[PDB]
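K.L.:
Pasting a structure below so you can have a look.
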Amino acid sequence: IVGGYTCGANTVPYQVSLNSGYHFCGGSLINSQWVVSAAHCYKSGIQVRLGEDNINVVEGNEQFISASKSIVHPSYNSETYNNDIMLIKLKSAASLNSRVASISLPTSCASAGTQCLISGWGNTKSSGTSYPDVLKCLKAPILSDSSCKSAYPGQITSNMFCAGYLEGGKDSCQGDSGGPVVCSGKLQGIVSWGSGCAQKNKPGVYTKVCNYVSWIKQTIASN
Ligand SMILES: N=C(N)c1ccc(O[C@H]2CO[C@H]3[C@@H]2OC[C@H]3Oc2ccc(C(=N)N)cc2)cc1
Ligand SMILES: [Ca+2]
């Protein structure tokens, strides 16, 4: 997260860290047994880390649970990042508490201008690299589809949306991938792509979760 702030320990209780000997992506707890992340975060051998604040220190509220299954969206396209969503099943159900809690799926798509909270342990620099150990947060509004598509002509599909700031300075970034965009108490987005980070007229692009809620629900019910 570039231009954001320290969230505070466990203030984003649905945020998870995907770990394969190291943090490599974020994700969102949508119920005690399942996480939503980005398809581009796919890898084998994932451990889901819940209740995390400092990902390099055991602070006492962590739950480490291995994935039992990954499901990349049937139509994910790695060339264009279209349908950039994946489901991860936890080997054992998370124990829910104040610091480990699920986030609601939406029932409608969000309107331009709605404020959202985006979070993650991604790069905090727009130029160069710096990776933080505690979770960072950013408030960002959903941008008009026309400003989104004009920023990235030919490359935004109706399964994507832009949020952030055209002026730059404030954005998600590498390492935030797969993490949540939560708006009005619902998971409306997943950190997906962008050109660099916090660059002018290049806002973040996010997987439009409202277009996937029936797939999510059908898939989890059948697995
Ligand atoms: N694992 C690989 N080899 C891999 C997978 C995905 C890659 O690139 C895609 C395209 O861009 C995304 C995604 O992962 C890296 C980059 O992460 C972000 C996240 C946020 C923003 C933004 N809000 N400005 C920009 C890029 C590349 C290699
Ligand atoms: Ca920790």
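Scheme for the structure tokens: letters A, B, ... for chains in order shown; per-chain residue numbers from 1; ligand numbers from 1 in order shown.
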Sorted by chain and rising residue number, list the residues of chain A at most 10 Å from ligand 1 (counting only C-alpha atoms and all ligand atoms), each with its closest atom pair and distance in Å to one decimal, as a Markdown table.
P.N.:
| residue | atom | partner | partner_atom_place_in_ligand_line | distance |
| --- | --- | --- | --- | --- |
| A:1 | CA | ligand 1 | 23 (N) | 8.2 |
| A:2 | CA | ligand 1 | 24 (N) | 8.9 |
| A:24 | CA | ligand 1 | 1 (N) | 9.1 |
| A:25 | CA | ligand 1 | 14 (O) | 9.2 |
| A:38 | CA | ligand 1 | 13 (C) | 8.9 |
| A:39 | CA | ligand 1 | 6 (C) | 8.9 |
| A:40 | CA | ligand 1 | 5 (C) | 5.1 |
| A:41 | CA | ligand 1 | 5 (C) | 6.6 |
| A:42 | CA | ligand 1 | 1 (N) | 7.9 |
| A:43 | CA | ligand 1 | 1 (N) | 8.4 |
| A:78 | CA | ligand 1 | 6 (C) | 8.0 |
| A:79 | CA | ligand 1 | 10 (C) | 9.2 |
| A:80 | CA | ligand 1 | 10 (C) | 8.7 |
| A:81 | CA | ligand 1 | 10 (C) | 7.3 |
| A:84 | CA | ligand 1 | 13 (C) | 9.6 |
| A:118 | CA | ligand 1 | 23 (N) | 10.0 |
| A:122 | CA | ligand 1 | 19 (C) | 8.0 |
| A:123 | CA | ligand 1 | 19 (C) | 8.9 |
| A:126 | CA | ligand 1 | 24 (N) | 8.7 |
| A:162 | CA | ligand 1 | 23 (N) | 8.8 |
| A:163 | CA | ligand 1 | 23 (N) | 8.4 |
| A:164 | CA | ligand 1 | 23 (N) | 8.3 |
| A:168 | CA | ligand 1 | 24 (N) | 9.6 |
| A:170 | CA | ligand 1 | 23 (N) | 8.9 |
| A:171 | CA | ligand 1 | 23 (N) | 5.3 |
| A:172 | CA | ligand 1 | 23 (N) | 4.1 |
| A:173 | CA | ligand 1 | 20 (C) | 3.6 |
| A:174 | CA | ligand 1 | 17 (O) | 3.9 |
| A:175 | CA | ligand 1 | 17 (O) | 6.5 |
| A:176 | CA | ligand 1 | 19 (C) | 6.0 |
| A:177 | CA | ligand 1 | 19 (C) | 5.2 |
| A:178 | CA | ligand 1 | 19 (C) | 8.5 |
| A:179 | CA | ligand 1 | 19 (C) | 9.6 |
| A:190 | CA | ligand 1 | 20 (C) | 9.8 |
| A:191 | CA | ligand 1 | 20 (C) | 6.0 |
| A:192 | CA | ligand 1 | 19 (C) | 5.7 |
| A:193 | CA | ligand 1 | 11 (O) | 3.9 |
| A:194 | CA | ligand 1 | 25 (C) | 3.7 |
| A:195 | CA | ligand 1 | 25 (C) | 5.5 |
| A:196 | CA | ligand 1 | 24 (N) | 5.0 |
| A:197 | CA | ligand 1 | 24 (N) | 3.6 |
| A:198 | CA | ligand 1 | 24 (N) | 5.9 |
| A:199 | CA | ligand 1 | 24 (N) | 7.4 |
| A:202 | CA | ligand 1 | 24 (N) | 7.1 |
| A:203 | CA | ligand 1 | 24 (N) | 6.1 |
| A:204 | CA | ligand 1 | 23 (N) | 3.5 |
| A:205 | CA | ligand 1 | 23 (N) | 6.0 |
| A:206 | CA | ligand 1 | 23 (N) | 7.8 |
K.L.:
Keeping N, CA and C atoms, export the residues of the selection given above as a tab-separated table (two decimals), in the first residue's frame.
P.N.:
chain	number	residue	atom	x	y	z
A	1	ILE	N	0.85	-1.19	0.00
A	1	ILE	CA	0.00	0.00	0.00
A	1	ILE	C	0.89	1.25	0.00
A	2	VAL	N	0.70	2.11	-0.98
A	2	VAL	CA	1.45	3.36	-1.09
A	2	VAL	C	0.63	4.52	-0.56
A	24	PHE	N	3.38	-13.93	0.18
A	24	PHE	CA	3.38	-13.56	-1.23
A	24	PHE	C	2.08	-12.91	-1.70
A	25	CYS	N	0.99	-12.96	-0.97
A	25	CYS	CA	-0.28	-12.39	-1.41
A	25	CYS	C	-1.20	-12.20	-0.21
A	38	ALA	N	-6.95	-13.49	-5.60
A	38	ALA	CA	-6.72	-13.27	-7.00
A	38	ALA	C	-6.18	-14.56	-7.62
A	39	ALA	N	-6.63	-14.87	-8.82
A	39	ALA	CA	-6.09	-16.00	-9.56
A	39	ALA	C	-4.59	-15.86	-9.78
A	40	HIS	N	-4.12	-14.62	-9.95
A	40	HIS	CA	-2.70	-14.47	-10.25
A	40	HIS	C	-1.81	-14.79	-9.04
A	41	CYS	N	-2.36	-15.01	-7.87
A	41	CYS	CA	-1.68	-15.44	-6.66
A	41	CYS	C	-1.58	-16.96	-6.58
A	42	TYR	N	-2.14	-17.66	-7.57
A	42	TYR	CA	-2.13	-19.11	-7.51
A	42	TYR	C	-0.70	-19.62	-7.32
A	43	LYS	N	-0.59	-20.58	-6.42
A	43	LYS	CA	0.60	-21.43	-6.33
A	43	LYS	C	0.22	-22.68	-5.56
A	78	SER	N	-4.78	-15.17	-17.86
A	78	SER	CA	-3.56	-14.60	-17.34
A	78	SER	C	-2.91	-13.57	-18.26
A	79	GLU	N	-3.40	-13.46	-19.49
A	79	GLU	CA	-2.89	-12.46	-20.43
A	79	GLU	C	-3.51	-11.09	-20.21
A	80	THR	N	-4.77	-11.14	-19.77
A	80	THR	CA	-5.49	-9.89	-19.60
A	80	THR	C	-5.93	-9.70	-18.15
A	81	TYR	N	-5.82	-10.68	-17.27
A	81	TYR	CA	-6.19	-10.65	-15.87
A	81	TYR	C	-7.68	-10.60	-15.62
A	84	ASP	N	-9.91	-12.51	-12.49
A	84	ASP	CA	-8.81	-12.66	-11.54
A	84	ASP	C	-9.28	-12.92	-10.11
A	118	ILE	N	-8.88	-0.65	1.50
A	118	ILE	CA	-7.97	-1.59	0.86
A	118	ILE	C	-6.79	-1.85	1.79
A	122	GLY	N	1.87	-5.17	0.95
A	122	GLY	CA	2.57	-4.86	-0.28
A	122	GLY	C	3.54	-3.70	-0.20
A	123	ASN	N	4.26	-3.48	-1.31
A	123	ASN	CA	5.22	-2.40	-1.45
A	123	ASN	C	4.61	-1.06	-1.03
A	126	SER	N	6.19	4.18	-4.41
A	126	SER	CA	5.75	4.31	-5.80
A	126	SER	C	6.96	4.24	-6.73
A	162	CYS	N	-11.96	0.36	-11.27
A	162	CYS	CA	-10.84	1.16	-10.76
A	162	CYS	C	-11.22	1.82	-9.43
A	163	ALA	N	-10.23	1.86	-8.54
A	163	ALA	CA	-10.44	2.67	-7.33
A	163	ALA	C	-9.13	3.36	-6.97
A	164	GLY	N	-9.30	4.51	-6.30
A	164	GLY	CA	-8.07	5.23	-5.99
A	164	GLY	C	-8.16	6.67	-6.42
A	168	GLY	N	-2.52	10.31	-8.34
A	168	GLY	CA	-1.43	9.47	-7.86
A	168	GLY	C	-1.20	9.62	-6.37
A	170	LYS	N	-1.43	7.52	-3.86
A	170	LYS	CA	-2.16	6.63	-2.97
A	170	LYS	C	-2.74	5.44	-3.74
A	171	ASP	N	-2.26	4.23	-3.44
A	171	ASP	CA	-2.67	3.07	-4.25
A	171	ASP	C	-2.33	1.78	-3.54
A	172	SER	N	-2.85	0.68	-4.07
A	172	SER	CA	-2.31	-0.61	-3.63
A	172	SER	C	-1.10	-0.93	-4.51
A	173	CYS	N	-0.40	-2.04	-4.28
A	173	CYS	CA	0.83	-2.30	-5.01
A	173	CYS	C	1.18	-3.79	-4.95
A	174	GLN	N	2.30	-4.13	-5.59
A	174	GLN	CA	2.79	-5.51	-5.52
A	174	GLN	C	2.83	-5.99	-4.07
A	175	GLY	N	2.40	-7.23	-3.86
A	175	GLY	CA	2.37	-7.82	-2.53
A	175	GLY	C	1.04	-7.66	-1.85
A	176	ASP	N	0.28	-6.65	-2.26
A	176	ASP	CA	-1.10	-6.47	-1.82
A	176	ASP	C	-2.07	-7.38	-2.59
A	177	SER	N	-1.57	-7.93	-3.69
A	177	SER	CA	-2.29	-8.76	-4.62
A	177	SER	C	-3.18	-9.77	-3.88
A	178	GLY	N	-4.42	-9.88	-4.34
A	178	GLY	CA	-5.33	-10.87	-3.82
A	178	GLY	C	-6.06	-10.41	-2.58
A	179	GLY	N	-5.68	-9.26	-2.01
A	179	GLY	CA	-6.29	-8.74	-0.81
A	179	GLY	C	-7.58	-7.98	-1.07
A	190	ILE	N	-10.93	-7.18	-5.26
A	190	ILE	CA	-9.73	-7.95	-4.98
A	190	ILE	C	-8.56	-7.26	-5.68
A	191	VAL	N	-7.47	-6.99	-4.97
A	191	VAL	CA	-6.30	-6.34	-5.57
A	191	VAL	C	-5.81	-7.19	-6.74
A	192	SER	N	-5.85	-6.59	-7.93
A	192	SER	CA	-5.60	-7.33	-9.17
A	192	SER	C	-4.45	-6.75	-9.98
A	193	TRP	N	-4.59	-5.58	-10.58
A	193	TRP	CA	-3.44	-5.08	-11.36
A	193	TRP	C	-3.43	-3.55	-11.40
A	194	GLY	N	-2.53	-2.99	-12.19
A	194	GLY	CA	-2.33	-1.57	-12.37
A	194	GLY	C	-1.01	-1.36	-13.10
A	195	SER	N	-0.80	-0.18	-13.64
A	195	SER	CA	0.50	0.18	-14.19
A	195	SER	C	1.34	0.88	-13.12
A	196	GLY	N	2.38	0.20	-12.64
A	196	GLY	CA	3.20	0.66	-11.53
A	196	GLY	C	2.29	0.84	-10.31
A	197	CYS	N	2.62	1.76	-9.41
A	197	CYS	CA	1.78	1.98	-8.25
A	197	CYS	C	1.77	3.47	-7.91
A	198	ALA	N	0.56	3.99	-7.67
A	198	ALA	CA	0.40	5.35	-7.22
A	198	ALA	C	0.95	6.33	-8.26
A	199	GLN	N	0.96	5.90	-9.52
A	199	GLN	CA	1.29	6.77	-10.64
A	199	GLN	C	0.10	7.61	-11.10
A	202	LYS	N	-3.12	6.42	-13.37
A	202	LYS	CA	-3.03	4.96	-13.48
A	202	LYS	C	-3.50	4.34	-12.16
A	203	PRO	N	-4.79	4.38	-11.89
A	203	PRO	CA	-5.32	3.94	-10.60
A	203	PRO	C	-5.28	2.41	-10.52
A	204	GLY	N	-5.57	1.91	-9.32
A	204	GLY	CA	-5.60	0.47	-9.16
A	204	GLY	C	-6.79	-0.11	-9.90
A	205	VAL	N	-6.60	-1.30	-10.43
A	205	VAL	CA	-7.60	-2.15	-11.05
A	205	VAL	C	-7.83	-3.38	-10.16
A	206	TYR	N	-9.11	-3.63	-9.93
A	206	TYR	CA	-9.65	-4.58	-8.98
A	206	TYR	C	-10.72	-5.48	-9.58
K.L.:
Within 8 Å of ligand 2, counting only C-alpha atoms and all ligand atoms, which protein or nucleic acid residues do you find, written as a list in words?
P.N.:
residues 51, 52, 53, 54, 55, 56, 57, 58, 59, 60, 61 and 62 of chain A
K.L.:
In Å to one decimal, how far is atom CA of residue A:89 from atom CA of residue A:70?
P.N.:
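Straight-line distance from atom CA of residue A:70 to atom CA of residue A:89 works out to 6.5 Å.
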K.L.:
Given only C-alpha atoms as the basis, pick out the residue of A:63, A:184, A:201, A:10 nearest to residue A:151.
P.N.:
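Ranked by minimum distance to residue A:151, first place goes to A:201.
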K.L.:
Quick one: everything within 7 Å of stretch 137-144 of chain A, counting only C-alpha atoms, minus sequence neighbours fewer than 4 positions away in the same chain. Send it as a list in words.
P.N.:
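Once the nearby chain positions are removed, what remains is residues 1, 4, 5, 6, 7, 112, 113, 114, 115, 116, 117, 118, 119, 120, 148, 162, 163 and 164 of chain A.
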